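The form deposited in one PDB entry is given below as one chain in structure tokens.
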């Protein structure tokens, strides 16, 4: 029911996704692991709240059948709250490098000015990373199952209703319940990627047109591949969750910048995305990875 041009758009996105998403995290190697003034105090107080929302226990399953489990320390008002940030910095960097590869395979993204390619990836990196994380999220166990690595949310003593208070965790449970297809996920990634109102975009109109065509393909896909009455508003549900994911990005990018101030964790590539220190000059790593 889709046009051939729409069918090819989905084929190119699914192809890019297959080539750049390591669903088993098999190539995520060599990562760090946790080891065995008044205004400045205000900055620390805000960071303590930020780190507490998304606390997870880490699990590593070995080839031999062993299981190494790490349980996060409870907040004792010290640098113990930053125990997993170095590992999460290596994971986010591994994910963003694959998100950069995803965009490069897409022909419509390659034909853009590289300044616009950097700005689109700078504004969408968190969003396409959470979208990929959602596909490995088990809502029954609250665990991101990333190959041998597993990340299980801790109970926080409140309940699933205390977890849903956190917009990020609510995004993951709600998106997982829509039970989207692989094609609908990759279309969400494209719609997020080709956001015309990202900071620094100059081809605003050209990018907006691309986004509209991706959304129409997703809208038409939902019409032609799902029972029409029951999934009548599924497209609008996806788009509203994409708008919420844009909001969550702004919150957590600023949470990450607060934590970076008091306690640096960012990798050189994540630093460029965060703006920590011309668009090409400020993003030399991202520029080189795109230029390849």
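Positions refer to the first chain, counted from 1.
Unshown form solved in complex with a partner chain; subsequent notes refer to it.
J.: Can all three of 54, 255 and 261 be found with a heavy atom no more than 4.5 Å from the partner chain in the deposited bound form?
T.: No: none of 54, 255 and 261 comes within 4.5 Å of the partner chain in the deposited bound form.
J.: Is there any non-hydrogen atom of residue 104 lying within 4.5 Å of the partner chain in the deposited bound form?
T.: Yes, contact at 4.5 Å.
J.: Does the partner chain get within 4.5 angstroms of any non-hydrogen atom of residue 273 in the deposited bound form?
T.: The answer is yes: residue 273 has a heavy atom within 4.5 Å of the partner chain.
J.: Give a yes/no on whether residue 184 approaches the partner chain to within 4.5 Å in the deposited bound form, heavy atoms considered.
T.: Answer no; every heavy atom of residue 184 is more than 4.5 Å from the partner chain in the deposited bound form.
J.: Would residue 108 count as a contact of the partner chain in the deposited bound form, using a 4.5 angstroms cut-off between non-hydrogen atoms?
T.: Residue-level check for residue 108: no, no contact with the partner chain.
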